[PDB]
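[1] Experimental structure and sequence below.
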Amino acid sequence: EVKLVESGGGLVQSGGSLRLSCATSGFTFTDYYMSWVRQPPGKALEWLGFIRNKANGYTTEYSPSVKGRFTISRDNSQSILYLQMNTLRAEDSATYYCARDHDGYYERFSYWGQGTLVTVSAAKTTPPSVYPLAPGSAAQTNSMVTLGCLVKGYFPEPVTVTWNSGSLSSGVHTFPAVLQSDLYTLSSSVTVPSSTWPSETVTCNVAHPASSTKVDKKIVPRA
Amino acid sequence: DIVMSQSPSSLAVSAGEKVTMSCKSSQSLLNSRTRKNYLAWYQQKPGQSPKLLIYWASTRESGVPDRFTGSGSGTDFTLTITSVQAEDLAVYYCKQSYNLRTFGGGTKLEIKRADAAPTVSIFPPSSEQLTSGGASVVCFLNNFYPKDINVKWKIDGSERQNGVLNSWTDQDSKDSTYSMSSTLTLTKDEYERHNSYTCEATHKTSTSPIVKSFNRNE
């Protein structure tokens, strides 16, 4: 099976530099062109550059927006693709994808990696505050009940939220994060039968890989 | 550069229908060396990597269903989806490969369904958040359609607009409903000054707002 795995993403200051990697396997690296493509949050895909195969001397091309500033290279012994990003700006914040490419003379199946997130900002890596949302103490029971977790004050993205370690994944809504005082805030709701809580446990699991943190928050009835 | 223009930006259709969407380049994508138009169609479902559907304007990628059809030549290109399923919701991008590469701005595909009113729930500040000096009041507006919805916050009968942040989920792929959180953030000082807190959903499934409330006296 062909795979492409981007790494080296992370948080970096305005004006800083960063090198992205794409580790490939399952095909002869040397026979393909490789492209980098980026997508800011909630924006279009932007093609950035490629590096050609052995038969074309491994020459490079770039979009105007990054030429002179980003550099593509490849290590052909280890089958790894690189993107050296210099002189970073806020606008470079995006998911970066490596893709196998080719001159479209011959037919070849398209492979892309999962991507790696780059964030260019003056803000610092900050772990989340995780607050349980149980109904008000005067709230009355019925057939279903909605619980939540408010995830506040973290940076950069991403966070992932789960409920009972993945056991509760139906009736979950996890909302997109929004920037508030230059820190991210999101919430997540879960809806279960009222027979199941609070007789049985409901806990949200918040993971923030950038700060190497996992928080388990048990939702208990107030008072 | 070659410029790529998709239209429309967004469209919504029901399950089992057909869609079409346009992609136009500022220059011919036909390479008469090989007699192929170097245009390709990509599907990006929310939170996933783009996937190539069509290359050379109309050749389907191995394992793409036949209900996706590419057509056109020169500067003018069309993607057609036959009997649209729920799982097809996604942003579709065109990409020229005639000179370097460049993507269009994208066409967002939304699944239509029957109207449905939101399940509203309200949550006061957690006690834990209160010890930190903050106070956030939360309302979830869940599993409603269509996306357009209005939320109004009242504190002791009186409307509040500042401190309110709203965030919609991507369209559910399963049932095709939207959900939304509204969060009213205040200082603990202001929060403990007032008693009755209210959030109201005005959605076109009724002229009556759905209202959830709490009183700190109860």
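    Here it is on my side, so go on. Residues are numbered from 1 along each chain as shown, chains lettered A, B, ... in the order given.
[2] Give the buried residues for stretch A:45-58.
    By 16 or more other Cβ atoms under 10 Å in any protein chain shown, the buried positions in stretch A:45-58 come out as A:45, A:46, A:47, A:48, A:49, A:50, A:51, A:52, A:53, A:58. To be clear about C-beta, it is placed using only N, CA and C from the backbone, and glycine gets the same treatment.
[3] Straight-line length of it, end to end?
    Taking Cα to Cα, to the nearest Å, stretch A:45-58 runs 24 Å from one end to the other.
[4] can you give me the offset of that stretch from its chain's centre?
    24 Å (Cα atoms, centre = their mean, to the nearest Å).
[5] Quickly check: that stretch near chain B or not.
    Yes: with Cβ under 8 Å from any Cβ of the partner chain as the criterion, chain B is reached by stretch A:45-58 at A:45, A:46, A:47, A:50.
[6] Do I have it right that the second one meets residue B:101?
    No: using Cβ atoms under 8 Å, residue A:46 is not in contact with residue B:101, being 9.8 Å away.
[7] so what sits against both of these two?
    Taking Cβ atoms under 8 Å, 6 or more residues apart in numbering or on different chains as the contact criterion, no residue touches both residue A:46 and residue B:101.
[8] so what are the domain limits for the chain?
    Here I'm looking at chain A. A:3-120, A:129-219 (curated CATH domains).
[9] Chain B is the one I meant
    Domain assignment of chain B by curated CATH domains yields the ranges B:4-112, B:119-215.
[10] Just put those domains in CSV and tack on mean neighbour count and distance to chain A.
    Output for the domains of chain B, formatted as CSV (neighbours: other Cβ atoms under 10 Å in any protein chain shown; distance: least, Cβ to the nearest Cβ, whole Å):
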stretch, mean neighbour count, distance to chain A
domain B:4-112, 17, 4
domain B:119-215, 17, 4
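[11] Report the buried residues of stretch A:177-186.
    Buried residues in stretch A:177-186, counting neighbours by 16+ other Cβ under 10 Å, are found at A:177, A:183, A:184, A:185, A:186.
[12] Which residue is the nearest non-sequential neighbour of residue A:13?
    The shortest distance from residue A:13 to any non-neighbouring residue, by Cβ to Cβ, 6 or more residues apart in numbering or on different chains, is to residue A:122 (6.3 Å).
[13] tell me the contacts of residue B:166?
    Residue B:166 is in contact with B:151, B:180, B:181, B:182, B:183, counting by Cβ under 8 Å, 6+ apart.
[14] Nearest to residue A:214, out of the domains of chain B?
    Residue A:214 lies closest to domain B:119-215 among the domains of chain B, at 17.5 Å (Cβ to Cβ).
[15] Quick one: the helices in chain B, in order.
    For chain B, the helices defined by DSSP state H cover B:127-131, B:188-193.
[16] If you could redo that for chain A, that was the one I meant.
    Ranges of helices within chain A: none, based on DSSP H.
[17] quick revisit: let me have the buried residues of stretch A:45-58 in CSV, extended by distance to residue B:120.
    Formatted as CSV, those follow (distance: Cβ to Cβ, whole Å):
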residue, distance to residue B:120
A:45, 36
A:46, 39
A:47, 43
A:48, 44
A:49, 48
A:50, 50
A:51, 53
A:52, 56
A:53, 57
A:58, 59
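[18] residues touching the spatially closest residue to residue B:177 that is not a sequence neighbour, list them.
    Among residues not flanking residue B:177 along the chain, residue B:143 sits closest, at 4.3 Å (Cβ to Cβ, 6+ apart). Counting by Cβ under 8 Å, 6+ apart, residue B:143 touches B:116, B:118, B:119, B:172, B:175, B:177, B:178, B:179.
[19] The second one touches residue B:145, doesn't it?
    This means residue B:118. No: Residue B:118 lies out of contact with residue B:145 (Cβ under 8 Å); the separation is 9.3 Å.
[20] How far off centre is stretch B:76-96?
    With Cα atoms, centre = their mean as the basis, stretch B:76-96 stands 15 Å off its chain's centre.
[21] hang on, the earlier thing: okay, and which of the buried residues of stretch A:177-186 map to strands?
    The strands, defined by DSSP state E, take in A:183, A:184, A:185, A:186 from those.
[22] could these be laid out in TSV, adding distance to chain B?
    Listed next are those as TSV, based on distance: Cβ to the nearest Cβ, whole Å:
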residue	distance to chain B
A:183	12
A:184	11
A:185	7
A:186	7
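[23] Tell me who's in contact with residue A:102.
    By Cβ under 8 Å, 6+ apart, the contact set of residue A:102 is A:32, A:33, A:53, A:108.
[24] Isn't the third one up against residue A:33?
    What it means is residue A:53. Yes: Residue A:53 is within contact range of residue A:33, at 5.7 Å (criterion: Cβ under 8 Å).
[25] how much space between the residue located most distally from the centre of chain B and residue A:37?
    Farthest-out residue of chain B from its mean C-alpha position, per Cα atoms, centre = their mean: residue B:33, at 41.3 Å. According to Cβ to Cβ, to the nearest Å, residue B:33 and residue A:37 sit 26 Å apart.
[26] again with residue B:42
    10 Å.
[27] Next: residue B:124.
    Distance, residue B:124 to residue A:37, using Cβ to Cβ: 45 Å.
[28] Repeat that for residue B:32.
    Counting by Cβ to Cβ, the gap from residue B:32 to residue A:37 is 28 Å.
[29] ditto for residue A:122
    26 Å.
[30] Among these two, which residue is more densely surrounded?
    The neighbour comparison of residue A:122 against residue A:37 (other Cβ atoms under 10 Å in any protein chain shown) goes to residue A:37, with 27 against 8.
[31] Contact partners for the more buried one?
    Residues near residue A:37 by Cβ under 8 Å, 6+ apart: A:45, A:46, A:47, A:48, A:96, A:97, A:99, A:112, B:50, B:103.
[32] again, only using 10 Å
    Shown in contact with residue A:37 (Cβ atoms under 10 Å, 6 or more residues apart in numbering or on different chains): A:45-50, A:63, A:94-99, A:101, A:112-113, A:115, B:42, B:49-50, B:95, B:101, B:103.
[33] Quick check: closest non-adjacent residue to it.
    Nearest residue to residue A:37, sequence neighbours excluded (Cβ to Cβ, 6+ apart): residue A:97, at 4.7 Å.
[34] Would you mind confirming that the one you found makes contact with residue A:5?
    No: with contact defined as Cβ atoms under 10 Å, residue A:97 does not count as touching residue A:5 (11.2 Å).
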